[PDB]
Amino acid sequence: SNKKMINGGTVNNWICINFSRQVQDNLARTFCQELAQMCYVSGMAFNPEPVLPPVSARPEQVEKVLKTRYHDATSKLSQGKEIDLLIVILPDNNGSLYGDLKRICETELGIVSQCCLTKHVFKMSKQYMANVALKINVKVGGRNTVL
């Protein structure tokens, strides 16, 4: 047995921010679509469309991009609803960007986030997608089997 979902969580509203200069908008979009579809067939409720299209940003503007995109996406939502998930595409070698992302998400925005490295975006393997679905599920309050 590989791990599976016991209870799938719910991602009704999500957005993607991209920090990789090797990744054009359409690829981030296609990536997120494949990931969304994996989470769904694995047992989640998962909106096949994001609240807003992916945006591309420089690592240097992590604070500004995250806060602004959070604000703009949340504002688009029916009053009282919140963003369930941020998918972030990172350069493979991103230095302090991961840790800065996570501090902002955890302690300022209080948003669930899932980072994905450029190398996996390019490969978009089903095994990778399945693993990341599992991580997401736990993060949004689902439950997975144990080995």
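Quick note: we count residues from 1 along the sequence shown, nothing fancier.
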Inset, instruction - Averaging the C-alpha B factors as listed in the entry, name the stretch that ends up higher: 17-25 or 122-130. - result: 122-130
Inset, instruction - Averaging only over Cα atoms, indicate whether 82-90 or 54-62 has the higher B-factor in the PDB entry. - result: 54-62
Inset, instruction - Check the PDB entry and point out which of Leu109, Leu101, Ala36, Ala45 has the largest C-alpha temperature factor. - result: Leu101
Inset, instruction - Could you tell me which third, lowest, middle or highest, the C-alpha B-factor of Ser1 occupies within its chain? - result: highest
Legend entry - CA B-factor ranking of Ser113, expressed as a third of its chain: lowest
